[PDB]
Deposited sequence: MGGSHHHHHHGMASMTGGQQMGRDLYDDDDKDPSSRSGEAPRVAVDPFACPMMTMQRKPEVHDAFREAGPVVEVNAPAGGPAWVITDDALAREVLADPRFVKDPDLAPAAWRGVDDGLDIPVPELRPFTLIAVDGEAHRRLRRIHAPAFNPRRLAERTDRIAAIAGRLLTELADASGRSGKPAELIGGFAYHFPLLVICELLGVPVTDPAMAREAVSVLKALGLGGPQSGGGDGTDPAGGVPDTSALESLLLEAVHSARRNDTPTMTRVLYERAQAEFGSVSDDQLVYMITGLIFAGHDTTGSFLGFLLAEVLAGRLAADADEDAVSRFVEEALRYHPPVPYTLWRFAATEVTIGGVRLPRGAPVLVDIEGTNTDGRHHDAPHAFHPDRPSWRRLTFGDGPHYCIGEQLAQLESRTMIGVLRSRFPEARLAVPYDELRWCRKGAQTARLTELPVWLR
């Protein structure tokens, strides 16, 4: 029924900064709704048109329910987010309908942007200490600071950990361990995570004992109210998820944002408005997540002219719609003064990113620190020699970002 392009939608060779994988253009040329080959077997359908994508992502017939995914995917697709049944109610990405609204209710007050903003000075301090350490190591060594491994994931990880009351001192070890717990929680096979698990449980114990209106306290109070009774293990599971959600995507994006700033594309006298417009363009141009998470048709659906069967796995093309010439003049150029137009980098519909305000705050705070404390920071290699890639369902990321910070 649909036009068919017989390729894996996740195919990604090593890319330059300015280019996006060829599959996006081949899908868009085929039609608004394109059959493709799902990586773990059978068909999948990609949505290549912005307006249609917005309709799909708000249509209750397309659901996250991982039980609708083909049998062949279980244990293999790894892009499939499939908690054990009893943990799906605690997993924002695994539910829709009333169960999803409940979790949105629990998370909303915890991400109150007024409360995040009170943390700006701490966020700056975090970034500034990480950068001073990196500059000092480069002074001693004679080697450029490598900001992907030394900054991009560490900075957002330390922010979200501190917001949740989880006192991490080694972000590299924490990043590895929360990755393991994420994979286990979302249904992967099967390594030592006990140190991190101790800190997560300590943050939950502390949330229950103390009335201080922090993030984890508010999650606790609101989950207790909605579920009647919530266990320490359930809260640990929920905060594990927000640690991973809060750092991986953000850290992938920040590597790209850093590259564009350090390439000298931000005006030297840029005011706050110009900075936030620069961040906005970077979110259009370098989305870390190329497709929405899997949705499945709950019934037979005809959409954009095409008949999709019950069970049909559907992807919205974020990277391709963000760089569609039908809505963006010179879609593959980086133009921060471009008129502001919508993008799909944070999703749409009920499952829209709950972290967007935080990710923005972190972005603009990082640039402030850089501009004020490392005004001469530059790339240690040309912008045209930077490369990025992604395998499978992982976020897009630079291979490295070598910088002379001062």
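- Gaps between the deposited sequence and the modelled coordinates occur at 1-38, 229-241, listed in sequence order.
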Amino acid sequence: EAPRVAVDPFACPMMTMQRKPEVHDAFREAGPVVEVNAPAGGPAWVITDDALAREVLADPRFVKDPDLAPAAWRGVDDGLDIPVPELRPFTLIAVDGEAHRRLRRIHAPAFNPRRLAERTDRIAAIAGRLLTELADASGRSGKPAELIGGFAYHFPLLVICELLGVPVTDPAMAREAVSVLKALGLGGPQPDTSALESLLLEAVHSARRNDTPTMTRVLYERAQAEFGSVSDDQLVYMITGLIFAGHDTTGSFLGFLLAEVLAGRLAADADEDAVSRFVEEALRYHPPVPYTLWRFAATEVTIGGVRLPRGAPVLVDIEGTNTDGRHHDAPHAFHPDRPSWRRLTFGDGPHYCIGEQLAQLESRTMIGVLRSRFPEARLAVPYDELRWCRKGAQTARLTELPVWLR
From here on, numbers count along this sequence of modelled residues.
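- Higher mean CA temperature factor between 243-251 and 84-92: 84-92, per the PDB entry.
- The mean C-alpha temperature factor is higher for 306-314 when 167-175 and 306-314 are set side by side.
- The PDB entry assigns its highest CA temperature factor, among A359, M366, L52, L379, to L52.
- Comparing the C-alpha B-factors of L235, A268, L257, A137 in the entry, the top value falls on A268.
- When the CA B factors of the chain's modelled residues are split into thirds, the value for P350 lands in the middle one.
- In this PDB entry, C389 carries a Cα temperature factor that places it within the middle third of its chain's modelled residues.
- Among the modelled residues of the chain, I160 sits in the lowest third by CA temperature factor in this PDB entry.
- Sort the modelled residues of the chain by CA B factor and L370 lands in the lowest third.
- In the PDB entry, a CA B factor belonging to the lowest third of its chain's modelled residues is recorded for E146.
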